[PDB]
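Student: This one's experimental. Sequence and coordinates below.
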Amino acid sequence: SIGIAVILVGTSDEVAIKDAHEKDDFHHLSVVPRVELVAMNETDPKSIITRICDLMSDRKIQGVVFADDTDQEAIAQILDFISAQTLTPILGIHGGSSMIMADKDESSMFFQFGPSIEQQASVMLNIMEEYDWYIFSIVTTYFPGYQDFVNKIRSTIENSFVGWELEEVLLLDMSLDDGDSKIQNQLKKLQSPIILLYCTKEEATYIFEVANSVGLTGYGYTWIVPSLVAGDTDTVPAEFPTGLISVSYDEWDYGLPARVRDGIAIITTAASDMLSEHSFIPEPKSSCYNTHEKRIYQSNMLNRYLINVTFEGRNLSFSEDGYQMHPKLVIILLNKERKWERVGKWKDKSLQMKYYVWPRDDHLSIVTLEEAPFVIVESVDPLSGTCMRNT
Amino acid sequence: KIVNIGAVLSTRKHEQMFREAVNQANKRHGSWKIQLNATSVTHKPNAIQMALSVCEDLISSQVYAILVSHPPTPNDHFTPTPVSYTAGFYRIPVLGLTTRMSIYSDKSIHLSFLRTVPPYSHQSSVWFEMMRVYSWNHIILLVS
Amino acid sequence: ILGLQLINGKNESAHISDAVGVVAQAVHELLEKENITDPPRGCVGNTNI
């Protein structure tokens, strides 16, 4: 049969989670869900290499659900080697396993929680139209995954009937020391009211320092950040200005027991399709010794039969990059104090803003009227979302 | 104090001179409290043998520099991939020896890397110096 | 068929001899600033960077 053992690391209550494991109505197929509960600390890599391979060899274990609650920068790739080594399905739920990975090996199958890199380019583009945020700029540096992201955003600009405002692209070096004199001068070249940034909070602490040094965040400047910049709502270094707006994976609306139960469901329902037609299951060696020479029974069928996986009627297809590509995104804005508060939600590829005008002289108001040869009013064109250029 | 330098090589018979090779340079460096000492581990052509001999021996030796060799098989690239994997999170400095592949050259992962031998990817730049002098204005391309 | 080769790319004895030599003087240059702390002993105890 099949068996899945959960790997819970951090502070939580596994008593309530363990109850829901043995509650599935799986009478359709003889899945025989073997449930094992593991909860300990494995921060150091020494314990990981001495305990993980022993768990999979218990009784033909072919499923692992693993999660954390911290923001370590090296949690995710510690299991990438195991995924590269053995074809055991390992999924990252929370903690440091909620990151976006640039390049993965063909034998290093892995599933990560979080929207894809290019999907972050399809969320802020839909919201910048609603609030007249038609002017933007990009600042970043040498990072693992910036080359592909910048290609997608400029690709959507050309194939449109409405022009877009771009004010340069900044790629200031950060590895070189004594770069203070080489960043302030370049930061002066930025004049767009809305500026997009792509950094990491661990290394961006200097980015806000120089940005707030020149003080180009007075009244008409608003910062949008991706999911990975914030990291955690509680973790606030008291450096962001008042009114930071962000978009990140939902955690308030997606609880702990819902996501962990989806991981075991996805793996179990993947084997049902395999037995539906072929009526067979590969049986590789269940040992962490000489795994390289014992990988004759390739698991290519499971990799190619995962796209047609659904749970509770909602599609959760995973591509070769191991992403669902349709997660729940939350439009969350920092309050007056250092508190992160949700404002909007992302669902059905649509945006539902609670407000209509961004919170607060160069911003005046006008009132007009319909006249025959002077002021003409026309409806919005639905094909392009917005109405038309030059109006 | 005693200073240890990491190394990843096989054929301990060949590694015997490496203990003497560092010993020759031991009296060369002008450091007064740093004394380099050979600290090399057998290169096992399998990841299982190294799955229990990393934290116990390599990191525990307080090694500051790591050297990675090549497997006896001329066509192989699975030997230097775990050494830079375990020395990246701890950010232990490394220095490659038989660097022929371009996996550790994109700077996305394992930024701390040194190549004492250029990989296969570097042969294209030096290729200009022959085509331009030897006519051949129009050229076709074939690649795997 | 026209072949090619790069010199001093296969002498493993010469590479290691130069590898220790370049870092021997780099050690001298290293011990010239502050915040120079030895790496923590072992790996189980070490959890930070």
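Tutor: Nice, I can see it. Numbering: from 1, shown residues only, chains lettered A, B, ... in the order given.

Student: Okay, helices next: where are they in chain C?
Tutor: According to DSSP state H, chain C carries its helices in the segments C:12-30.

Student: Spell out which parts of it neighbour chain A.
Tutor: Residues of chain C found near chain A (C-beta under 8 Å from any C-beta of the partner chain) are C:43-47. C-betas here are computed from N, CA, C, even on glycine.

Student: From those residues, list the buried ones, please.
Tutor: By neighbour count, with 16 or more other C-beta atoms under 10 Å in any protein chain shown, those hold C:43-44, C:46 as buried.

Student: who touches the residue nearest to residue B:12 when sequence neighbours are not counted in this structure?
Tutor: Spatial nearest neighbour of residue B:12, excluding adjacent residues (C-beta to C-beta, 6 or more residues apart in numbering or on different chains): residue B:42 at 6.4 Å. By C-beta atoms under 8 Å, 6 or more residues apart in numbering or on different chains, the contact list for residue B:42 reads B:9-10, B:12.

Student: What residues does chain A have near chain C?
Tutor: Residues of chain A lying near chain C (C-beta under 8 Å from any C-beta): A:43-47.

Student: Of those residues, which pair is most distant in space?
Tutor: The most widely separated members of these, counting by C-beta to C-beta, are A:43 and A:46 (9.8 Å).

Student: So the two - more neighbours on which side?
Tutor: The neighbour comparison of residue A:43 against residue A:46 (other C-beta atoms under 10 Å in any protein chain shown) goes to residue A:46, with 20 against 17.

Student: distance of that one from residue C:29?
Tutor: Counting by C-beta to C-beta, to the nearest Å, the separation of residue A:46 from residue C:29 is 33 Å.

Student: before we move on, the earlier item: okay, the contacts of residue B:42 in a markdown table with neighbour count next?
Tutor: Below are the contacts of residue B:42 laid out as a markdown table (neighbours: other C-beta atoms under 10 Å in any protein chain shown):
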| residue | neighbour count |
| --- | --- |
| B:9 | 20 |
| B:10 | 18 |
| B:12 | 13 |
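
Student: Out of these, list just those in helices.
Tutor: Using DSSP H, residue B:12 are the members of those that sit in helices.

Student: closest to residue A:65 among the contacts of residue B:42?
Tutor: The closest of the contacts of residue B:42, once distances to residue A:65 are taken by C-beta to C-beta, is residue B:10, at 38.3 Å.

Student: Not counting residues beside it along the chain, what's closest to the closest one?
Tutor: Leaving aside its sequence neighbours, residue B:10 sits nearest to residue B:43 (C-beta to C-beta, 6+ apart; 3.6 Å).

Student: So which bits of chain B are right by chain A?
Tutor: B:46-48, B:51-52, B:54-55, B:82, B:85-86, B:89, B:106-109.

Student: neighbours around residue A:81, how many?
Tutor: The local packing of residue A:81 (other C-beta under 10 Å) involves 20 other residues.

Student: Skip the chain neighbours and tell me the closest residue to residue A:134.
Tutor: With C-beta to C-beta, 6+ apart as the criterion, residue A:134 has its nearest non-adjacent residue at 5.4 Å, and that residue is residue A:165.

Student: would you list every one of the strands in chain B?
Tutor: Secondary structure of chain B (DSSP state E): strands located at B:2-9, B:35-42, B:66-68, B:95-96.

Student: Residue A:283: which of those strands is closest?
Tutor: Residue A:283 lies closest, by C-beta to C-beta, to one member of the strands of chain B: strand B:35-42, at 32.9 Å.

Student: quick one: strands adjacent to the closest one?
Tutor: Its sheet considered, strand B:35-42 pairs with strand B:2-9 (parallel) by DSSP bridges.

Student: count of neighbours near whatever residue of chain B ends up closest to chain A?
Tutor: Minimum separation of chain B from chain A (C-beta to the nearest C-beta) falls at residue B:108, amounting to 3.6 Å. Number of residues near residue B:108 (other C-beta under 10 Å) recorded here: 16.

Student: Surely it touches residue A:144?
Tutor: Yes: if you go by C-beta atoms under 8 Å, residue B:108 and residue A:144 touch, sitting 3.6 Å apart.

Student: Find residues that contact each of these two.
Tutor: Listed contacts common to residue B:108 and residue A:144 are residue A:102; contacts here mean C-beta under 8 Å, 6+ apart.

Student: so who does residue A:347 touch?
Tutor: Contacts of residue A:347 (C-beta under 8 Å, 6+ apart): residue A:328.

Student: Okay, and the beta partners of it?
Tutor: Here residue A:347 sits in beta bridges with residue A:350, as judged by DSSP bridges.

Student: ok, back up a step: now the strands of chain B as CSV including distance to residue A:96?
Tutor: Output for the strands of chain B, formatted as CSV (distance: least, C-beta to C-beta, whole Å):
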stretch, distance to residue A:96
strand B:2-9, 27
strand B:35-42, 29
strand B:66-68, 25
strand B:95-96, 28
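
Student: where does whatever residue of chain C ends up closest to chain A sit relative to chain B, distance-wise?
Tutor: Closest contact between chain C and chain A, by C-beta to the nearest C-beta, is at residue C:44 (4.6 Å). Relative to chain B, residue C:44 is positioned 7 Å away (C-beta to the nearest C-beta, to the nearest Å).

Student: Correct me if wrong: that residue contacts residue B:55.
Tutor: Yes: using C-beta under 8 Å, residue C:44 is in contact with residue B:55, at 6.7 Å.

Student: Need the residues touching each of these two.
Tutor: Contacts common to residue C:44 and residue B:55, judged by C-beta under 8 Å, 6+ apart, are A:44, A:46.

Student: Which of the three states applies to the closest residue to residue A:335 other than its chain neighbours?
Tutor: In space, and not counting its chain neighbours, residue A:335 is closest to residue A:341: 4.8 Å by C-beta to C-beta, 6+ apart. Three-state assignment for residue A:341 (DSSP: H, G, I helix; E, B strand; the rest coil): strand.

Student: I'd like to know how many residues surround residue A:341.
Tutor: 11.

Student: So what pairs up with it in the strands?
Tutor: As for beta bridges, residue A:341 partners with residue A:333 under DSSP bridges.

Student: Touching, it and residue A:354? I think so.
Tutor: No: the criterion here is C-beta under 8 Å, and residue A:341 misses it with residue A:354 at 10.6 Å.

Student: which residues in chain B form helices?
Tutor: Counting by DSSP H, the helices of chain B are B:12-26, B:81-89, B:128-131.

Student: now these as CSV including distance to residue A:92?
Tutor: Shown next, in CSV, are the helices of chain B (distance: least, C-beta to C-beta, whole Å):
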stretch, distance to residue A:92
helix B:12-26, 39
helix B:81-89, 16
helix B:128-131, 45
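
Student: closest to residue A:59 out of the ones you listed?
Tutor: helix B:81-89 (28.2 Å).

Student: now residue A:263: how far from chain C?
Tutor: According to C-beta to the nearest C-beta, residue A:263 and chain C sit 26 Å apart.

Student: That residue belongs to a strand?
Tutor: No: applying three-state DSSP, one finds residue A:263 to be helix, outside a strand.

Student: burial of residue A:384, as a residue count?
Tutor: Residues lying near residue A:384 (other C-beta under 10 Å) number 13.

Student: so it touches residue A:159, yeah?
Tutor: No: the pair residue A:384 / residue A:159 is not scored as a contact, 10.7 Å apart, by C-beta under 8 Å.

Student: Cool, thanks, talk later.
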